[PDB]
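Let me begin by presenting the structure, written as structure tokens, before commenting on it.
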Amino acid sequence: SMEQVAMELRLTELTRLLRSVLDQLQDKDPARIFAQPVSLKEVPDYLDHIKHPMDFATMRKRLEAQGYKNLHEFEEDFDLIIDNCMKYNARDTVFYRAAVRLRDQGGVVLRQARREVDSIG
Ligand code: NA
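Using the entry's author numbering, the first residue of the sequence shown is number 22, and each one after it goes up by one.
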């Protein structure tokens with residue numbers, strides 16, 4: 022149906038917008054602390070701590086399958102990256118501090134992304 026096609030075009034355009042958002046967030050992580058999953062070979066105890074691991078590569082995989090239906094879903098995954106780091110790592114670490122700085126810088130990006138998603142529909 023044409024109605025199904027139109028829904029598919031909208032998901033495609035959301036995907037484009039979330040790709041640009043993902044790129045902008047990831048630029049705020051030049052150390053690449055959050056680029057890839059935590060390896061269970063190097064933090065064998067990780068999944069005892071963190072129930073839902075998340076990283077930018079994982080998000081990019083989902084995005085490329087058009088797997089985010091709305092901005093809320095994408096934000097949930099970005100918040101997991103930050104929140105998981107803040108739990109596993111102590112306040113005095115480069116990891117915790119990098120998560121705080123990513124959250125703060127990322128707020129800017131997401132604030133305008135929400136206005137654009139709402140405005141374009
Ligand atoms: Na902690």
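Note that the Cβ used here is the ideal one computed from N, Cα and C, for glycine as well.
- Counting only runs that start and end inside the region 56-137, the alpha helix (DSSP H) elements of at least 4 residues fall at 67-70, 77-85, 92-109.
- If you draw a straight line from the Cα of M75 to the Cα of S22, it comes to about 36 Å.
- With respect to the C-alpha of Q47, the residue from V138, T79, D113 having the closest C-alpha is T79.
- The beta carbon of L101 sits closer than 7 Å to the beta carbons of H73, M75 from its chain, once the five residues preceding and following it are set aside; these are given in chain order.
- At the C-beta level, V64 and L92 stay beyond 8 Å of one another.
- Distance from the CA atom of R118 to the CA atom of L38, rounded to whole angstroms, is 28 Å.
- For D50, there is no enclosing alpha helix (DSSP H), as DSSP gives it neither H nor E.
- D66 counts as exposed, since fewer than 16 other C-beta atoms from the protein chains shown sit within 10 angstroms of its C-beta.
- For the set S41, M28, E24, the Cα lying nearest the Cα of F95 is the one of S41.
- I141 counts as exposed, since fewer than 16 other C-beta atoms from the protein chains shown sit within 10 angstroms of its C-beta.
- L123 has its alpha-carbon roughly 6 Å from the corresponding atom of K49.
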